[PDB]
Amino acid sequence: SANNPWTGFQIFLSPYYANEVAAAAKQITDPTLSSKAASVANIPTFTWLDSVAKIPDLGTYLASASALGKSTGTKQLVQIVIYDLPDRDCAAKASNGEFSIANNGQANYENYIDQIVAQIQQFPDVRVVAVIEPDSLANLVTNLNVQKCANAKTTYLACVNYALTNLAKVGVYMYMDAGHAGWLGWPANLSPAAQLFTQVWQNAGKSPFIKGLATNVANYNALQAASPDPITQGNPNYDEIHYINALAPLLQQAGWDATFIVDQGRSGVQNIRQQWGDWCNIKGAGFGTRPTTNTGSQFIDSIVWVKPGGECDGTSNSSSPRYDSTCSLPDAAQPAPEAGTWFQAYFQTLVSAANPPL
């Protein structure tokens, strides 16, 4: 498309991740891995609004970006993830969140969106790019037999619609999460996915701020694999560019020339999983291609780092209410702390295994 949200902007670096990385780098005991680890804080990432408590930090990021832009004569761009649906993470245990459908979840969620909108409205010289609700829509394509997801469907659609509709009013550029090649990229899932994304786009009034879709968020797939990972057997769409190339024409037929962003923050090391569905703290992952608008594809606006590597995907402790057996598989790094908390050993391996190297 003509308007790539990133062109002409300088990305505001996540202060949240910067603080995690600075603390982590000081604990890496070779001075050269430590300098490479510290350099990660200069790589743009998405900051997750995974609880309502963080909304005031969004406010600080916007105001800090505005001042940095003025001090430098640049236009600044803040990257966020909207991730607080009620009955969040409906097909897994590790990332259940603060809101529940049974306890006013939708009303709570819409209040969370209102508070985000109210922050963004105050800083019109800062651009915002938001990834909308990782996993939610993909779960509504393949996981309607999961009763928690079935029972969540109407609420998820309402909440996502509220987010899209209201963030559009403050000019936020949005990419709705769309799973990954091993999830929605199976040829047989492409059309049900496109049909859902089309519905969602229509219900939010087709705002031009809804740019398209995000893929591979918090996953590990290649964008363009040298050879298919053996986990992909049976699926000709073995990497994200095959998935996107196959999905985008369906969206175009349905009236929407969508564009895409692709997470590569934990994609540096391929062929490290037993099964494709192994998503949790996959051992040996490395930082992948750095964010760039040099994407290799007409459909892809940017390679991005959405999941911030080093932040855990889920606990391996089976005494936790958030224990998911995926997080104690043989290819899952163990022991692992709660999802969203820092996992130092995992970060250092991401640094050592980075490809391209840091």
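Definition used throughout: the rigid core is the maximal C-alpha set that superposes within 1.5 Å between two forms. Each residue number is its position in the shown sequence, starting from 1.
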Is 90-98 or 73-81 the stretch whose C-alphas end up farther from this model in 4 other deposited structures of this protein after a rigid core fit? 90-98
Divergent stretch in 4 other deposited structures of this protein, 200-208 or 248-256 [C-alpha RMS, superposed by the core]: 248-256
Report the stretch with the higher mean CA temperature factor, choosing between 177-185 and 223-231 on the basis of the entry. 223-231
Mean CA B-factor: is it higher for 25-33 or for 61-69? 25-33
In this PDB entry, which of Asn203, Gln115, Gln252, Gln270 has the top CA B-factor? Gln252
Maximum C-alpha temperature factor, selected from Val52, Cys312, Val306, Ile303: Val52
Rank-wise, by C-alpha B-factor, drop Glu98 into the lowest, middle or highest third of its chain. middle
Tertile call for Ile244 (CA temperature factor, within chain, third-based) is the lowest
Hey, what third does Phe260 fall into on Cα B-factor, ranked over its chain? lowest
According to the PDB entry, is the CA B factor of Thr289 in the bottom, middle or top third of its chain, that is, lowest, middle or highest? middle
By the entry's values, the third containing the CA B factor of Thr45 is the lowest
